[PDB]
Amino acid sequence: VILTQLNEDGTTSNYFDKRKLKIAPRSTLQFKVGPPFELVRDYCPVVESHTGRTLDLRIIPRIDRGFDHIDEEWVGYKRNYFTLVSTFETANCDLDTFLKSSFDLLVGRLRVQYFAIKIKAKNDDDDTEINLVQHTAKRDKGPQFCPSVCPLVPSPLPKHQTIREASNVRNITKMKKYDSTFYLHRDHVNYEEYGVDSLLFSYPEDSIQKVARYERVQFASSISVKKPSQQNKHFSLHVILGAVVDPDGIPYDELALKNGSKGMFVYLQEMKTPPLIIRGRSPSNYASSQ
């Protein structure tokens, strides 16, 4: 009834079918590693502005809640939360050096203001985009919002246990313990070490995330989860790493910038999950029906 896989950090992922077994909402059995991500493609090259060295980039994503591996399918539930986390790494550039340097896109050089991640959901069979929604912990007693673009600096991805432990922290002492894992506070660096043109100082806010954490995410309530044939639709979750540039023939999205003007989120790399099945609100999707 429960199939267990050992995670990289020694925790377990426990896959179970909610058609057959109902587990408490806050049970640790609800936390588990989801489908592995695969490269879709690389897009615009990035180079360091004097050396000309190409920056090696890699998205490092993981799903930590919401998806079970059941009979060779990855299965989520429309009504339930998923968590998708991601960092990126620069294999050829240590963070401290990276933040002091400056980088251009090779398209013809556009200066990179900052790096950022966004997530998307798609129908994996036809590439149609599907809306995602997020809640706060307060859920219906708080606002709903769409996943946002997250400025980030390169970092290793925290272990599954760390994401679990940090999921519902409010206590200040505990927040302090995790702060260095999730944030870089630019206002605490020695400004004299940095040039005006440095990458660190073109990030939009002083508090810069090291990890993009999309928690309490759902597929939009309007999604149709079956095809007309009654076959399940296949969905995929996508993580895109971009460079944000000043807009003043390559893939990009427009972005509401800090100064008000219309930025460009230029695509650098994209990864996606294998096909996902989403179970809808039908009673037959729940053990309560049996």
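Counting begins at 1, following the sequence as shown.
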Exercise. With respect to the deposited sequence, how many residues separating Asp248 from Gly249 are not represented by coordinates: none, 1 to 3, 4 to 9, or 10 or more?
Worked result: 4 to 9
Seminar exercise, completed: Gap between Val107 and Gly108, counted in deposited residues with no coordinates, falls in the class 4 to 9
Exercise. Once you work out the mean C-alpha B-factor for both 220-228 and 60-68 from the entry, which is higher?
Worked result: 220-228
Exercise. According to the deposited model, is the average Cα temperature factor higher in 76-84 or in 123-131?
Worked result: 123-131
Exercise. So among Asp206, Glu193, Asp197, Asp140, who wins on Cα B-factor in the entry?
Worked result: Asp140
Exercise. Which is it among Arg186, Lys174, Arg111, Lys159: the one with the largest CA B-factor in the entry?
Worked result: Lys174
For this session: Going by the recorded CA B-factors, say which third of the chain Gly10 sits in, lowest, middle or highest.
Result: highest
Exercise. Looking at the C-alpha B-factor of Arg279, is it in the lowest, middle or highest third of its chain?
Worked result: middle
Seminar exercise, completed: The third of the chain into which the C-alpha temperature factor of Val47 falls is the middle
Exercise. With respect to C-alpha B-factor, does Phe201 fall in the lowest, middle or highest third of the chain as deposited?
Worked result: lowest
For this session: Name the third of the chain's ranked CA B-factors that contains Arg26, choosing lowest, middle or highest.
Result: lowest
